[PDB]
């Protein structure tokens, strides 16, 4: 189900800019992957909530978000590659990233993705 009400501005943009003619799961995933890759301005900084299910703990890491992760798990979720430069590179779910002082378009694209998930939409 949906945890937020429809936002028609986001719906229009998703329809016309992102999903476009996509019909099946792979096409819907691909649309989002290319949109995010095109619209997020890399690199940017974010707080990553890196969770450990086994120990019930959370490490909130401050990282550079370098780009989309290579598209191996594209069908399931949107992943980005992040680095802590204190170099260790990781794969993180975009939905676990809180961007820090980014430009308007990057913030918008992240919000669109968060909105899609909140609505309960899936590829």
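Positions refer to the first chain, counted from 1.
Per the record, residue 86 and residue 87 are separated by 1 to 3 deposited residues that have no coordinates. For the segment pair 68 to 76 and 41 to 49, the entry gives 68 to 76 the higher mean B-factor, averaged over Cα atoms.
Ranked against the other modelled residues of its chain, the C-alpha B-factor of residue 54 as given in the entry falls in the highest third. Residue-level temperature factors show residue 60 in the highest third of its chain, judged at the C-alpha atom. In the deposited entry, the Cα temperature factor of residue 114 sits in the bottom third of values across the chain's modelled residues. Residue 24: CA B factor in the highest third of modelled residues in this chain (values from the PDB entry).
Sort the modelled residues of the chain by CA B factor and residue 99 lands in the middle third.
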